[PDB]
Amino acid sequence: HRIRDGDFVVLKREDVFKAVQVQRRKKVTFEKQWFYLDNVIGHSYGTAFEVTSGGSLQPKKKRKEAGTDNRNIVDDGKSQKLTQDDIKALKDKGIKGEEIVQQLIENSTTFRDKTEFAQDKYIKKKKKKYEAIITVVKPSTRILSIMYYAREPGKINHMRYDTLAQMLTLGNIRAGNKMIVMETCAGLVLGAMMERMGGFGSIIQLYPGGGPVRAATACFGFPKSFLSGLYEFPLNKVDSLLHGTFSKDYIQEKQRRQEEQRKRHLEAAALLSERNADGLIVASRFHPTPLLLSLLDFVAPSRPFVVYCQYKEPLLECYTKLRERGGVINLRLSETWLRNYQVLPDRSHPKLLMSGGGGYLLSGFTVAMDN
């Protein structure tokens, strides 16, 4: 509802995001500045802030002659009548920032000769650098997926956010499902699935190594209640499972987590052996073909599965091998492109076309095998 201490949140400046957990008297960095989160509390989400010595303060939410052509605008380099030295002075003097903008404008001889559009642009460029405003927002798949793709794309195998959206839809992720997921995307795909399941149903997460990565998952700030239906099971035991050939004070604490984790692994192994799962989602750094050919056996007939891959070629193989194995229908190899737009009066156009570096998807439905 409103911001509180301990809350997982996301900081936003312009289109740049950084997720952090709020803590009294903790220092964090964001876009070349040092913060103290203490002050941001009891405020609604979407609330803005500005930085000072080390503390944030709450600012309001909201806050003419010109030329036609640049035919006579010459770049002498001497349009700004205050120096690179003077500039630090105003800053070190700790002045507002908006007044520094106003000062730069007043000391620009060319500003008045510029077009209105060039003026607007000049100002927006200055405000961006001097009027640093930080908004605090609530975590969501939308915000976190956009953040990760921009901040740590290598950690999520370059899965663009529109691609993640397609996976949730193609896999008919919803409340009540029993889902299987194998992800090395920092737990972002898991978190996205958990958001769309709302604490209803179950998820069995197959993990490589010594445990599942859930750093991204933690950023969502899910209630403990969402953990009850969350299971994990080591990927290196999967082959056994399909054949049925599957089995001072801290030295104690370990034994306590080891048997407890062994316990949970057996529950998960049972749920898997029912071979009645409602879907399968795969998105990892590993070659997907063997993962699919094995993990599908855990999935019930007439259920959707979706495999992500940063590269197309492996999905071409996976497509062919699924067609040899049988047990699937409506196979679809797809990709999404995403274009964003600047929409302003007399200044509307596309910005970026995100293409090829957002991944590929292979999807379909399971069916009964021939006998």
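In this text, residue numbers run from 1 along the sequence as written.
- Per the record, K32 and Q33 are directly connected, as no deposited residue between them is missing from the model.
- Per the record, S247 and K248 are separated by 10 or more deposited residues that are missing from the model.
- Comparing 259 to 267 with 153 to 161, the higher mean C-alpha B-factor in the PDB entry belongs to 259 to 267.
- With 361 to 369 and 1 to 9 compared on mean CA B-factor from the PDB entry, the stretch scoring higher is 1 to 9.
- By the numbers in the PDB entry, the CA B factor is greatest at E253 among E232, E253, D297, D113.
- Listed residues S56, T68, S334, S302 were ranked by CA B-factor as deposited; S56 comes out on top.
- Ranked within its chain, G187 lands in the lowest third, by CA B factor from the PDB record.
- Looking at the C-alpha B-factors along this chain, the one for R339 belongs to the lowest third.
- Ranked by Cα temperature factor within the chain, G42 sits in the highest third according to the deposited record.
- Per the deposited record, the Cα B-factor of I133 falls in the highest third when ranked against the other modelled residues of its chain.
- Sort the modelled residues of the chain by CA B factor and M194 lands in the lowest third.
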